[PDB]
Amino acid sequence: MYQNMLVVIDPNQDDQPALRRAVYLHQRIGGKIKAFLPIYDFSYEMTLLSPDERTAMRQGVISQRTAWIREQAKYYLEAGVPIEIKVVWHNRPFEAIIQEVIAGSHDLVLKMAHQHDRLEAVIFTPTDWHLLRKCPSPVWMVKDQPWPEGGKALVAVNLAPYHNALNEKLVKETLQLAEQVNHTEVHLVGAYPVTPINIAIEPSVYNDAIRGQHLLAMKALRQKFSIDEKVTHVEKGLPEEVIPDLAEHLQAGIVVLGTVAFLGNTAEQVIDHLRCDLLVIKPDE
C-alpha cells in the first residue's frame, strides 16, 4: 500500500503531526518511515568563518536535530516502529525533499500544514506548493487539528478520454487505503459548471442535459468499483465551491485530488480553500 513513507519534519516546533499520522498509518498498513529534516544556517556561507568552524556548526546542527527528532519519536521507536532519521544540510527544502523521494523511492510524502482557526483554510507554505506541484510521489498534507469523528474521505473526479484512467487510479488507491485504514467511508464528487447568468444572453435544457452526462459518467465509474450511489455526488458549481462545501457537509477528514509545474485549474483553486487534510496524486505515467 505505502511501504516507504517520507515524513517531512517541521523544524519550528516539537510536536510532529506528520510523523504522528505516519505512525497511525504504519500500525494499520505496515511500511517503513523516514523522518526527514533538511536544515541550514545561511551563516554557513558567511570567508568570515573558519573551515573547521563551518564544519563544527554544520555537524553540530545535524547531531542536535537528530537527537531532538529521536526525543520526539522515542515512544514510536521504543514501541518498535521502524523509523529512520535523516537530517541533511541543504538550503532549498523542497528540492532536498524531492531529491530524497527520488533517491529513497518514497511512495508517500507526509508533511504538516497549519490551520490557525477552525473557521479558516489550512495554510500552505511556498514549500508546500512546490511539493504539491512537483513531487513525483503522492503528497499528504496533515492538518494540525484533530481528525473529525467518523471523518470521510472525499475524492474529486473529473467527469467531462484518458482522464478515465486518472480517475480510476485515484478511486482505486483511495479505496484500498480507506479500507485498510479504519474503513473510512469514501465519497466521490464531480462538479459541473452552470453558465454564468452573464454569459447566458449570448436555455435551461443545458442544465438537465449536462447534469445527465455527468451522472452517467459518475455511475460508470462508481460501478467499475461497486461504489454505493449514496456516497457519490454530482453537483452544480465551481469545483472550489462544491468540494469544500461538500467536505464541510460530509465532515470529510481529507480531500483527494489528482493532477492535470501546474495541477490544473480545479486543483489549484480548490487547494487554497481546504479546511482538512489534502492528498495529491499524480498520474504515475
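Numbers follow the displayed sequence, beginning with 1.
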Gap between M46 and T47, counted in deposited residues with no coordinates, falls in the class 1 to 3
Looking at the deposited sequence, how many residues between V260 and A261 were given no coordinates in the entry: none, 1 to 3, 4 to 9, or 10 or more?
4 to 9
Between 122 to 130 and 73 to 81, the record assigns the higher mean Cα B factor to 73 to 81
Please compare 227 to 235 with 37 to 45 and name the stretch with the higher mean C-alpha B-factor in the deposited structure.
37 to 45
Which of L175, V189, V142, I199 ranks first by CA B-factor in the deposited coordinates
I199
Looking at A153, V194, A156, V109, which has the highest Cα B-factor in the entry?
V194
Using the B-factor values recorded in the entry, state whether the Cα atom of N265 falls in the lowest, middle or highest third among the modelled residues of its chain.
highest
Please place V88 in the lowest, middle or highest third of its chain according to the CA B-factor in the PDB entry.
middle
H114, C-alpha B-factor rank within chain (lowest, middle or highest third)
lowest
Among the modelled residues of its chain, does the C-alpha B-factor of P138 lie in the lowest, middle or highest third?
lowest
Of the three thirds of the chain ranked by Cα temperature factor, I97 occupies the lowest
